[PDB]
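Residue numbers (the deposited numbering), protein chains in the order written: chain 1D, 21 to 113; chain 1a, 1 to 70; chain 1J, 1 to 175; chain 1B, 25 to 179; chain 1H, 1 to 196, 218 to 318; chain 1K, 1 to 98; chain 1b, 1 to 83; chain 1I, 1 to 57; chain 1A, 1 to 25, 53 to 115. Backbone N, C-alpha and C define an ideal beta-carbon position, used for all residues, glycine too. Have a look at the structure below, then the notes.
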Amino acid sequence: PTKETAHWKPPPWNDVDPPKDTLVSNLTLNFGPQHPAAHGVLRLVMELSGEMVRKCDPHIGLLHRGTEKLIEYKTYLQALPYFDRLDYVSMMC
Amino acid sequence: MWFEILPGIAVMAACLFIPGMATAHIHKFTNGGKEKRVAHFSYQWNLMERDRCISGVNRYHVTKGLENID
Amino acid sequence: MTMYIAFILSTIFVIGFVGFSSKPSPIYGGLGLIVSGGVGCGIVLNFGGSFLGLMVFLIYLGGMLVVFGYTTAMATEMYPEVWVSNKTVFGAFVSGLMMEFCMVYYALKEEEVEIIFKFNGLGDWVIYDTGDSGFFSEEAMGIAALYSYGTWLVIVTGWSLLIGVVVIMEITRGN
Amino acid sequence: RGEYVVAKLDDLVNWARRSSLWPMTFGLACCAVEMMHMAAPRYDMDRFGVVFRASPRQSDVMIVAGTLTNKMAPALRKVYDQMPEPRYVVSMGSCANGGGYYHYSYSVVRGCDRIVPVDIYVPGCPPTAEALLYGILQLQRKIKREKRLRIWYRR
Amino acid sequence: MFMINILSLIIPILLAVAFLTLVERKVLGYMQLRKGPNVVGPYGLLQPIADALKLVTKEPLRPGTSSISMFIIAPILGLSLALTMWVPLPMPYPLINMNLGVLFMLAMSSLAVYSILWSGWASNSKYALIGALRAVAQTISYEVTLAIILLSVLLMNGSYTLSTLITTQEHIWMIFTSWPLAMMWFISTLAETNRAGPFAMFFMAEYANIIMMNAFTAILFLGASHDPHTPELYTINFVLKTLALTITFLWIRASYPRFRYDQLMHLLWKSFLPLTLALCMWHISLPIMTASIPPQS
Amino acid sequence: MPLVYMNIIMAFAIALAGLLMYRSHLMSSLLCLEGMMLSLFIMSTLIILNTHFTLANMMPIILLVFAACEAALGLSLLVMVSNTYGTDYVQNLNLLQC
Amino acid sequence: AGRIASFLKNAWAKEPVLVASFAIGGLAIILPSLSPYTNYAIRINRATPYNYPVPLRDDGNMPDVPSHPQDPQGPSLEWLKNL
Amino acid sequence: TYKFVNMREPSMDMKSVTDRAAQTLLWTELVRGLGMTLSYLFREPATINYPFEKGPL
Amino acid sequence: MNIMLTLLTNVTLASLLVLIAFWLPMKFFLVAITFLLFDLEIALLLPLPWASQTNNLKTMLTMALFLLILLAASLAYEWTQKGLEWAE
Ligand SMILES: CCCCCCCCCCCCCCCCCC(=O)OC[C@H](COP(=O)([O-])OCC[N+](C)(C)C)OC(=O)CCCCCCCCCCCCCCCCC
Ligand code: SF4
């Protein structure tokens with residue numbers, strides 16, 4: 021032993037050096053709301069275990085109008101077009 | 001209906017036509033009728049060099065025949 | 001003057017070499033030798049190396065240079081480097097170009113530079129020979145013999161490349 | 025003439041800026057139906073030189089369509105800043121231009137112009153497809169009424 | 001004199017590429033219950049110019065993170081290599097009669113990956129790099145199929161000289177002898193062409230490439246006849262054939278959904294490649310089996 | 001012996017020095033390896049084509065098909081080294097000090 | 001019998017591309033062995049002259065070699081003109 | 001009352017597998033898409049010439 | 001002369017076209060290496076058209092078929108041990 025080698029730790033007995041700490045690269049992607057596939061307003065934030073996905077968080081709310089809150093201050097007839105504006109795909113239903 | 005695509009494609013057709021057209025004629029213009037003698041190997045090249053040296057006008061595309069020898 | 005054209009190809013070949021050998025960013029080092037890869041074919045082309053020159057562009061340039069740029073596009077060190085970021089690479093950059101330029105000037109001065117090998121700095125066109133090549137391209141007919149006279153190299157190369165496949169997957173298998 | 029050459033160049037510079045401008049969306053709400061329901065064969069807009077395309081770096085006019093909530097407000101602003109110049113925004117729908125139905129609610133900004141400098145306003149709840157097609161036509165006519173190179177030469 | 005031909009090989013193509021955009025939209029028009037651009041000049045004839053004239057007038061918004069060097073160099077090569085592609089084409093008499101034109105054609109096609117890779121890497125955006133990462137992996141993947149297919153069909157020509165291709169076909173279109181490889185090549189050229218500010222140049226490059234790759238297939242399989250005394254007949258036949266192939270590029274671009282990434286490689290490695298290997302094996306044994314090996318000279 | 005032989009000779013020599021002068025990046029050094037063998041490739045072609053050694057024209061191709069083939073390992077060891085450590089830095093290439 | 005029939009039936013039902021490739025490659029591997037024209041292929045390939053036909057000295061003992069190029073002696077390739 | 005959709009029990013006979021193998025080997029469902037689209041092309045469009053003509057109300 | 005001219009004009013036209021456009025206004056890595064390893068083997072396979080015109084075609088037939096066999100074996104090996112199966 022010398023001053024230079026006064027800190028050289030002996031090799032691990034199994035030759036397997038201590039594994040490195042968490043080095044994952046779980047990338048976070050935002051698929052919208054500008055993305056056309058997001059269908060206008062969708063804030064999909066979600067994890068990329070490489071190219072493979074483990075959890076998708078659909079942060080809905082991008083179009084949140086408190087419809088029921090306004091419905092509280094209108095009569096039944098006045099509140100009717102709100103439902104007409106709810107599913108603007110199959111509106112009459 | 002669809003006959004309106006033809007004005008769209010005709011311009012490209014004519015535009016695509018010029019390169020092959022232009023190469024076809026200026027080769028005749030540069031090489032005097034015959035095509036630019038292709039030299040894919042050494043033989044065709046030194047055939048051309050012999051033609052250029054024998055032309056006297058230092059031009060391969062000028063060809064001299066039986067009239068050149070007396 | 002295209003008298004010394006092969007000189008021009010030769011000199012820019014090495015300045016591209018000095019570029020990446022100066023150790024810039026790997027991606028910028030990559031482009032620093034693709035230009036050297038590009039010019040090297042020109043030297044071979046001017047010597048009659050049609051297929052061999054096009055090999056550099058196809059399997060060398062258009063082949064494995066892509067995956068090295070691909071690898072750098074994978075690694076992406078926390079900041080992708082550049083010639084500007086490092087000041088040592090600039091010092092080596094100027095050193096290589098100046099060393100080449102002075103030796104070239106010495107080479108074109110007395111044509112008798114004895115560095116490692118004694119050599120003549122005479123024109124590149126001089127070393128060429130005479131005699132027609134017939135109808136066969138010697139560069140193409142020679143390599144076509146791989147299936148006629150290269151009856152041994154195909155065996156070893158074919159075996160080695162297959163051995164190349166197993167080693168690649170086995171070590172990348174990650175136990 | 026000195027004014028004539030800048031006049032011809034100005035027209036040439038903006039003659040197709042009103043015919044090659046390509047719309048951009050955000051497609052918030054029911055106005056996002058007429059957004060591309062005009063891209064449907066009936067009220068063809070691809071013929072008008074316009075064609076829908078997101079590509080926020082490579083588009084000319086964005087047709088803001090739907091209800092503008094406060095929660096999305098950063099997203100629109102960052103899109104409009106990323107938008108290259110020249111850029112125009114079209115407020116389709118009563119909700120987009122002036123809040124419309126939800127003007128009094130807590131989670132919608134009262135009109136898009138409070139957030140982005142807003143060009144031609146096309147009204148409607150929703151604007152029936154050709155109404156925006158008419159509105160887009162007005163925008164192109166507005167493009168002609170421009171003296172870009174003329175103003176520069178006057179200075 | 002030579003300078004005129006080089007310009008005469010570039011300018012009409014650039015005009016043709018300009019009018020390809022109008023063709024791309026409008027042949028998809030009546031194929032969509034649509035009309036296509038008809039307001040910009042007669043039948044949209046001014047749309048090619050209009051789009052090619054307004055894009056340059058837009059400012060070149062480049063992000064600060066993007067290195068101006070690579071962000072400009074990558075588009076530059078994306079066109080220049082795609083412009084020399086047109087050169088060795090055996091349009092009656094090609095510009096450069098390279099003895100190895102096939103290698104010259106394919107090798108320069110191998111450098112089109114660099115335009116995408118650098119312009120995606122320099123962008124320094126998470127969406128950009130994965131897109132560049134995706135595109136480079138796909139194009140180099142189909143490179144091996146591109147070369148193997150060429151080796152198989154060209155074996156019956158005689159040598160890599162593109163000028164010899166017309167002589168080989170002559171009486172019979174070579175699609176008749178390698179139709180299993182023909183659709184193999186047509187899918188391959190679709191994948192490489194990336195087709196299922219400083220931007221008009223890029224779109225022009227990726228659209229000039231569509232015409233040429235279609236032209237490369239036209240000279241390869243859909244042959245023609247060439248009279249030495251009237252090359253114009255070969256010109257019209259050649260441009261018509263490659264025009265139809267470009268139309269097909271537009272035909273299928275509006276007839277299919279997209280390919281998922283995994284299937285994008287599954288189709289090639291596990292389906293296209295082993296079948297291509299067998300066909301190449303078939304196309305080498307057969308000329309030997311029938312004593313029909315073409316002459317090298 | 002002309003300059004075309006010499007110019008690429010020192011092209012290898014600066015490449016040989018480059019690989020032997022690790023800065024921080026083994027990727028950069030790896031990129032120096034195949035450039036270094038390219039100098040071998042060009043010299044091989046230059047001599048062989050100059051002397052019309054017809055049968056030896058195969059050799060420059062097969063030089064590529066192994067140097068490029070081993071370059072796969074050069075990345076493959078690198079592509080695995082960059083996993084555990086997180087980078088290609090040769091500074092971390094000293095875990096085996098003892 | 002039944003084993004190969006079911007297996008081939010199985011392969012063509014799930015992987016038609018794979019069996020087609022193997023069939024073509026497996027086919028191409030065997031035709032040259034029994035090919036009736038490969039013998040011609042070498043003959044015509046050996047009948048293509050790239051180099052000059054170097055004359056040999058005339059001293060008798062070789063009546064087989066012709067004197068004129070049009071002389072009857074020497075090899076004849078009427079087969080080449082016909083096939 | 002209801003009807004199924006996905007279930008097909010594709011028959012494994014020599015003739016049937018030939019059609020499936022042919023469909024995969026020489027694409028036929030894809031060319032069907034080409035035929036449908038081309039038939040669409042040779043049909044007059046539904047576009048309206050605004051403002052020279054505007055849709056019904 | 002002609003070739004250097006041809007690679008000169010197009011790059012100059014490209015540069016001016018950007019001048020008017022600038023001043024006027053593991054698994055993914057693994058599949059790439061497999062491409063390279065096959066890419067090298069197609070290099071050996073390229074000279075085939077001239078190789079078919081050799082005098083000893085029988086030896087050429089064995090090796091040309093041999094190289095494609097190793098193309099198949101390398102692909103088949105990679106396929107059966109996952110390999111060409113891209114990790115999803
Ligand atoms: C003595 C004879 C010797 C030779 C005989 C050779 C055998 C007989 C012929 C073999 C089949 C034909 C060759 C292979 C073709 C199919 C390859 C393949 O993988 O197919 C399955 C593949 C995949 O089919 P799949 O998705 O059903 O899956 C098949 C099986 N796996 C899962 C393993 C892949 O089909 C395709 O890829 C379809 C095309 C996709 C791309 C979209 C564009 C298509 C455009 C079509 C219209 C235009 C055509 C233009 C043609 C050219 C014009 C100039
Ligand atoms: S204006 Fe009418 S149609 Fe448009 S978003 Fe508002 S409520 Fe919906």
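A straight-line Cα-Cα distance of about 59 Å links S16 (chain 1I) and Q44 (chain 1a). In the DSSP annotation of this structure, the continuous segment of the beta strand (DSSP E) that includes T49 (chain 1B) starts and ends at 47–49.
From the beta-carbon of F22 (chain 1A), no residue of chain 1J is found nearer than 7 Å; the closest lies around 20 Å away.
For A196 (chain 1H), the three-state secondary structure derived from DSSP is coil. Among the residues of chain 1H, none has a CB under 8 Å from the CB of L47 (chain 1a); the nearest is roughly 13 Å distant. Chain-order list of chain 1D residues neighbouring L95 (chain 1K): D37, by C-beta distance under 8 Å. If you draw a 10 Å sphere on the C-beta of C113 (chain 1D), you find fewer than 16 other C-beta atoms in it, and that means exposed. Of all C-beta pairs linking the stretch 48–68 of chain 1D to the stretch 76–85 of chain 1D, three or more are shorter than 8 Å, placing the two stretches in contact.
When DSSP states are grouped into helix, strand and coil, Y126 (chain 1B) belongs to the helix group.
In summary, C119 (chain 1B) is buried, with 16 or more beta-carbon neighbours lying within 10 Å of its beta-carbon over all protein chains present.
Near chain 1I, meaning a CB-to-CB distance below 8 Å, the residues of the stretch 7–27 of chain 1b are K9, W12, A13, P16, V17, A20. Rounded to the nearest angstrom, the Cβ distance from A147 (chain 1H) to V58 (chain 1A) is 17 Å, too far for a contact under 8 Å. Taking a 10 Å sphere around the C-beta of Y126 (chain 1B), we find 16 or more other C-beta atoms and assign the residue as buried. Sequence-ordered contacts of the stretch 50–75 of chain 1D with chain 1A read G70, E71, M72 [C-beta pairs closer than 8 Å]. Of all residues in the stretch 52–78 of chain 1K, the ones placed with a Cβ closer than 9 Å to any Cβ belonging to chain 1A are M58, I61, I62, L64, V65, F66, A68, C69, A71, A72, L75, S76, in chain order. Restricting attention to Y106 (chain 1J), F90 (chain 1J), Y60 (chain 1J), the CA atom closest to the CA of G121 (chain 1J) is found in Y106 (chain 1J). Shown in chain order are the members of the stretch 268–302 of chain 1H whose Cβ falls below 8 Å from a Cβ of chain 1b: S292, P295, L296, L298, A299, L300, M302. Neighbourhood of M31 (chain 1H) in chain 1I, by CB distance below 8 Å: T37, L38, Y40, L41, in chain order. Between the alpha carbons of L154 (chain 1H) and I69 (chain 1A) lies a distance of about 14 Å. The C-alpha of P75 (chain 1b) lies about 18 Å from the C-alpha of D58 (chain 1b). By the beta-carbon neighbour count (other beta carbons within 10 angstroms, threshold 16), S15 (chain 1A) is exposed. By the C-beta density criterion, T22 (chain 1D) is exposed, having fewer than 16 other C-beta atoms within 10 angstroms. Per DSSP, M66 (chain 1D) is one residue of the beta strand (DSSP E) stretching across 63–69.
Distances taken from the Cβ of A53 (chain 1B) to the heavy atoms of ligand 2 include one shorter than 7 Å. For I9 (chain 1K), the closest of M36 (chain 1K), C32 (chain 1K), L64 (chain 1K) by C-alpha to C-alpha distance is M36 (chain 1K). Proximity of the beta carbon of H304 (chain 1H) to ligand 1 is not indicated: no heavy atom of the ligand is located closer than 7 Å. Annotation for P53 (chain 1D) indicates a beta carbon at 7 Å or more from all heavy atoms of ligand 2. Taken through DSSP and simplified to helix, strand or coil, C41 (chain 1J) comes out as helix. The Cβ atoms of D143 (chain 1B) and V113 (chain 1B) sit closer than 8 Å to each other.
Contact annotation: the stretch 102–113 of chain 1B touches the stretch 80–88 of chain 1B, with at least three C-beta pairs closer than 8 Å. Apart from sequence neighbours up to five positions away, the residues of its chain that approach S159 (chain 1H) with a beta-carbon distance below 6 Å are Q317, ordered along the chain. Residue pairing by DSSP puts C76 (chain 1D) in a beta bridge opposite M66 (chain 1D). Contact of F237 (chain 1H) with chain 1A is not assigned, every C-beta pair being separated by 8 Å or more. Sequence-distant partners of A15 (chain 1K) (beyond 5 residues in either direction) whose C-beta falls short of 7 Å from its own C-beta, in its chain, are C32, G35, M36, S39. Counting along the chain, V144 (chain 1H) sits inside the alpha helix (DSSP H) bounded by residues 126–154.
Judged by beta-carbon spacing, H25 (chain 1K) lies beyond the 8 Å limit of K109 (chain 1J), meaning their Cβ atoms are not closer than that value.
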